[PDB]
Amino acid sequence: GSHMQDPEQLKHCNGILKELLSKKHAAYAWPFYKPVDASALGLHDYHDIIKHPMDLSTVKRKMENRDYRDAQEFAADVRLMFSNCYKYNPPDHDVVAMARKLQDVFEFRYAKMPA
């Protein structure tokens, strides 16, 4: 059920999203900007391993379209995106290092959400 704080909290989420997409973080955020194009990358097993792809452009579309009803729903998608990276890639891959850095940005600011 919607709470009177959900709009406020979703603004905090949108602020985080905007930060994740900003130039500040581009050196490590860029792999997460758009859906993984598995064929283009030669990742022909990606969609056998990753059942629920997620990326920041999809999170942005969902936010713009008011698809997210609360902050928890938003956070679950951002975390899904990172988990897909941790699932698919060896843990020493540079994309995993990038994901961990971007997730640290996310988690520290998400934990400042007004309530």
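Note that residue numbering follows the sequence shown and begins at 1.
K.L.:
Comparing 46-54 with 86-94, which stretch shows the greater average C-alpha B-factor in the deposited entry?
P.N.:
So the stretch with the higher mean C-alpha B-factor is 86-94.
K.L.:
Of the two stretches 3-11 and 106-114, which shows the higher Cα B-factor on average in the entry?
P.N.:
Comparing averages over the C-alpha atoms only gives 3-11.
K.L.:
Hey, out of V78, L41, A71, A29, whose CA B-factor is highest in the deposited coordinates?
P.N.:
Comparing C-alpha B-factors across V78, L41, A71, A29, the top value belongs to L41.
K.L.:
Quick check on the deposited entry: does the C-alpha B-factor of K60 sit in the lowest, middle or highest third of its chain?
P.N.:
For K60, whose C-alpha B-factor we compare with every modelled residue in the chain, the answer is the lowest third.
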